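A short write-up of the structure that comes next.
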Amino acid sequence: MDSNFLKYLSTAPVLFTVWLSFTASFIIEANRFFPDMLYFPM
Amino acid sequence: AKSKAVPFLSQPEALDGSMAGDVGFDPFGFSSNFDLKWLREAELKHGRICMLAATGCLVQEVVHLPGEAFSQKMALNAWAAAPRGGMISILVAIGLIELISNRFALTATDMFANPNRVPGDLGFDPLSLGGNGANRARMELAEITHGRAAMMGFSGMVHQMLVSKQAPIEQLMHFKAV
Amino acid sequence: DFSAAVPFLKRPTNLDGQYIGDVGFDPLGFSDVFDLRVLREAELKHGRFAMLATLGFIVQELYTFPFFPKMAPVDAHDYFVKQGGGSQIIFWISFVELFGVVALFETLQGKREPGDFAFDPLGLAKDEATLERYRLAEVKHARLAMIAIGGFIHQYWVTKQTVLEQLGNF
Amino acid sequence: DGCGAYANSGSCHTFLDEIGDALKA
Amino acid sequence: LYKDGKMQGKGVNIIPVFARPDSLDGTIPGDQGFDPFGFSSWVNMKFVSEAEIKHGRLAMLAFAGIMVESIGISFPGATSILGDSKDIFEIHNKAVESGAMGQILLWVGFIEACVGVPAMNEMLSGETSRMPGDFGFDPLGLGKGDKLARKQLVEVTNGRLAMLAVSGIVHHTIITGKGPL
Ligand code: CLA
Ligand code: CLA
Ligand code: CLA
Ligand code: CLA
Ligand code: CLA
Ligand code: KC2
Ligand SMILES: CC1=C(C#C/C(C)=C/C=C/C(C)=C/C=C/C=C(C)/C=C/C=C(\C)C#CC2=C(C)C[C@@H](O)CC2(C)C)C(C)(C)C[C@H](O)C1
Ligand SMILES: CC1=C(C#C/C(C)=C/C=C/C(C)=C/C=C/C=C(C)/C=C/C=C(C)/C=C/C2=C(C)CCCC2(C)C)C(C)(C)C[C@H](O)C1
């Protein structure tokens, strides 16, 4: 891995997009496998 | 200049054979981006949990506590069938063991603040079996090798229980191909 | 001055003979724009894939494992898509290819040859000259097998026959 | 289950028996 | 006699189509210049030497047992439970089901674990200067000064021949269905 390419990958827009997509993928897979969670189940 | 485990790659920096189990195996450069003390503490913790976990996955089939709730030979059924308050107590006790055993230094910014704190040295030697100097390096090598083998084995047993819906030993005795 | 293989073409400037098997054949000028280390890694990977593929086309019709049904290799691709063995082979090839990515990154820094994976457990190349010879043999067999695998698969596609039965009649 | 590692005829099909049947087919 | 330079040592090659590697020291008994794949360049020579000797002795005992059990010599009362046949594979399965071969496995493994594992580990680690295959076992007193060779070389050669003989005999029993002799 070229260090300049890694430093470019460490910039705010790239990391922002990657982190928000990663978070969205967590929410999407959680709602795919555990849908319709209006509430915390008792 | 080359890694011994992976001969077509250069030797990873900060790896010089000092730690136990060091064969220069770090192709992704984790030790070039993160500190080796945290990585070794994490590796030992994952390995020790997997040692206890593999031993549990083998023992629970043969030996059970009395009661209906502990009679599931397959460990993934024993996760659900065991009483819930007991497992929450287990979670809280593991949290307390983490809290006091690391001496309130629990994070990536305060664990190893004391220069005397050694990776994987929590001070745990209840029967003081480490009171012998020339055994020590071989002991750490054996511990990390048992931990690595236990990690790979416990991963294989859990996902094979997921495939087969069978406890491990009787899965080896009652094998059904996919 | 001129290329050794094609006497009416000029020798490509980046083909100076540092890579074994160089006969100055690059009329499109691929080495003039792209890194030659990447090109040699791609050439050797494609060629080794093709050698294993041609040997598989010969042996896998000569012999078949008892725990698998019998079929042609082109239909075996479609069968092992659905049974799941092809997914296993793709997964393990990808797992090795991650360290292939690391090896290519080491190659791009000039610390690793574009074909050296340091894999010689049977010690077949003792000294330098035999290794140079085996590099020339490997490159020539790589190019030959790259042509031959396309021959095998396209001939199956047209005749609906495997190689050895096409050899017996026409 | 009161059976052996290999060469079992009954309700006992071990991993070794599966290997042996995979070679012997 | 040790016959260094005739049977062993530097310069001896019994299969000269594969040239003798520089890696072989000539100290190990049975070094007759046969390493086409160059394994001696990277393996630890003491470990594989002890492994060759132990495999050879196991194959000698296997050959002797196979021949005495396929010809027809048996202990008193041994024919009854283990079957009155002569086929070695069925003898293995019957003696497993009887429980004899579990008992053999237990004691051979106890011998292997108790002194064999420490001998190999201390021999490799360099704590005893123990030679490979040296378990100090000479009850009858037959090698004292002839131990250099005419005991070691003949044992390793017979071990390798016993390995080949047992492999041949087993695969003939597989293909023919009848034991040797
Ligand atoms: C990773 C560790 C681990 C985990 C999470 C579990 C989880 C479980 N075990 Mg279990 N077990 C383990 C290891 C583990 N086991 C080991 C190593 C053994 C062999 C001694 C057993 C033997 C065992 C039996 C015989 C039974 C269970 C049972 C159970 C279930 C109910 C809980 C219970 O009663 O515990 C029981 C726990 C024990 C009897 C022993 C636990 C010993 C652990 C490993 C503690 C030792 C280390 C500890 C953290 C101290 C180190 C501190 C240091 C780091 C500072 C539950 C699913 C029961 C069940 O449901 O049956 C199917 C049951 O009957 N276990
Ligand atoms: C704070 C004190 C306290 C109190 C009041 C209780 C009270 C109770 N616990 Mg509990 N527990 C505690 C601490 C406590 N526990 C701690 C510190 C742990 C360790 C995490 C547990 C783990 C635990 C489990 C896993 C279970 C209970 C259960 C129970 C209930 C029935 C217990 C009984 O009669 O069995 C008396 C029987 C025995 C004492 C026999 C135990 C046999 C030995 C100890 C097994 C060896 C395990 C090994 C030592 C584990 C080492 C790990 C450890 C060092 C971290 C009861 C409400 C059970 C329950 O909810 O059932 C309804 C249940 O399943 N507890
Ligand atoms: C040790 C690592 C490992 C493990 C645990 C698995 C696990 C599995 N593989 Mg697998 N595989 C691996 C490495 C591994 N693979 C590698 C490295 C390759 C080569 C890229 C493959 C190629 C592969 C194929 C092509 C197929 C599998 C299949 C399977 C599944 C078999 C299910 C079953 O009932 O098996 C029962 C298993 C046995 C009874 C054991 C029999 C062992 C036979 C007799 C060995 C025969 C010799 C063999 C050809 C030597 C190969 C050498 C080669 C690696 C160089 C299972 C998920 C199959 C699958 O997905 O379908 C369910 C399948 O078709 N694997
Ligand atoms: C015949 C084609 C061929 C040739 C001449 C070479 C030559 C070479 N390879 Mg190479 N290689 C090949 C095919 C070939 N390779 C293929 C197909 C693969 C993919 C598996 C590789 C993967 C590979 C790696 C990963 C590495 C090499 C390396 C090397 C070099 C070391 C010298 C050596 O040991 O090779 C000598 C090879 C031979 C003499 C071939 C022996 C073939 C025998 C006869 C076995 C044939 C297979 C058999 C028929 C199958 C049995 C099945 C049964 C049913 C019949 C040398 C330049 C190493 C290198 O460059 O570093 C120095 C290295 O790291 N190669
Ligand atoms: C070809 C047979 C043979 C030979 C020449 C040797 C030679 C040697 N062994 Mg060795 N060994 C062998 C077989 C052999 N071994 C087997 C099979 C085992 C496994 C039980 C061992 C286990 C062993 C240990 C554990 C040790 C030795 C040691 C030694 C050395 C000194 C002892 C000595 O002189 O014994 C030579 C004495 C004999 C060969 C006695 C003759 C016994 C006769 C031939 C039995 C015949 C029975 C029967 C008729 C067989 C044929 C059956 C057929 C007709 C069906 C020497 C290098 C010691 C040493 O210092 O190692 C370096 C040591 O510690 N060996
Ligand atoms: C597992 C591998 C293996 C090994 C290590 C091994 C070694 C030895 C040794 C060395 C000490 C001897 C002395 C010996 C003896 C003979 N073996 Mg044997 N053998 C093995 C296996 C096979 C197979 C597959 C076949 C075979 C055969 C023969 C024949 C008959 C004639 C011949 O050579 O054709 C004779 C005399 C062939 C045959 O016809 O068997 C009846 C045959 O097909 N063997 N074999
Ligand atoms: C520190 C020391 C302490 C000590 C301590 C602790 C308690 C030490 C004891 C430890 C135990 C927990 C070690 C566990 C190892 C588990 C692994 C190796 C089993 C792996 C099997 C795998 C590899 C295989 C698998 C296979 C899978 C894949 C597929 C399956 O089909 C089959 C199979 C299962 C075979 C004490 C208390 C003495 C005090 C002292 O003062 C200090
Ligand atoms: C799609 C598909 C599949 C597939 C597939 C696969 C694996 C397809 C593979 C295709 C390949 C490898 C094609 C190769 C073609 C080679 C050619 C035309 C060479 C020309 C050489 C020349 C002109 C040489 C010229 C020359 C000469 C004479 C000598 C001098 C030099 C030069 C001037 C260069 C399956 C089977 C997996 C099934 C799946 O369900 C569907």
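Below, chains carry the letters A, B, ... as their sequence lines are ordered, and counting in each starts from 1. Quick note: numbers below take in every heavy atom, side chains included, and nothing from hydrogens, waters or symmetry partners.
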Check your understanding: Just wondering, are more than 12 heavy atoms of other shown residues or ligands nearer than 6.0 Å to CZ in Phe28(B)?
Key -> yes

Exercise for review: Could you tell me whether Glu165(C) atom CD has more than 12 heavy atoms of other residues or ligands within 6.0 Å of it?
Suggested key: yes

Point to revise | Reported CZ-to-OG distance for the pair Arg112(C) and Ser10(B), which is rounded to 0.5 angstrom | key: 10.5 Å

Review point. Is there a side-chain contact between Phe119(C) and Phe8(B) (heavy atoms, below 4.5 Å)?
Key: no

Review point. Does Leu9(B) reach the side chain of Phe99(C), with side-chain heavy atoms less than 4.5 Å apart?
Key: no

Practice item. Assess whether atom CZ of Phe67(C) is packed by more than 12 heavy atoms of other residues, nucleotides or ligands within 6.0 Å. Key: yes

**Study point:** Enclosure of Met139(B) CE (heavy-atom neighbours >12, cutoff 6.0 Å)
**Key:** yes

Revision key, fill the gap. In short, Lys111(C) meets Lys2(B) closest at the heavy-atom pair O-NZ, 2.9 Å

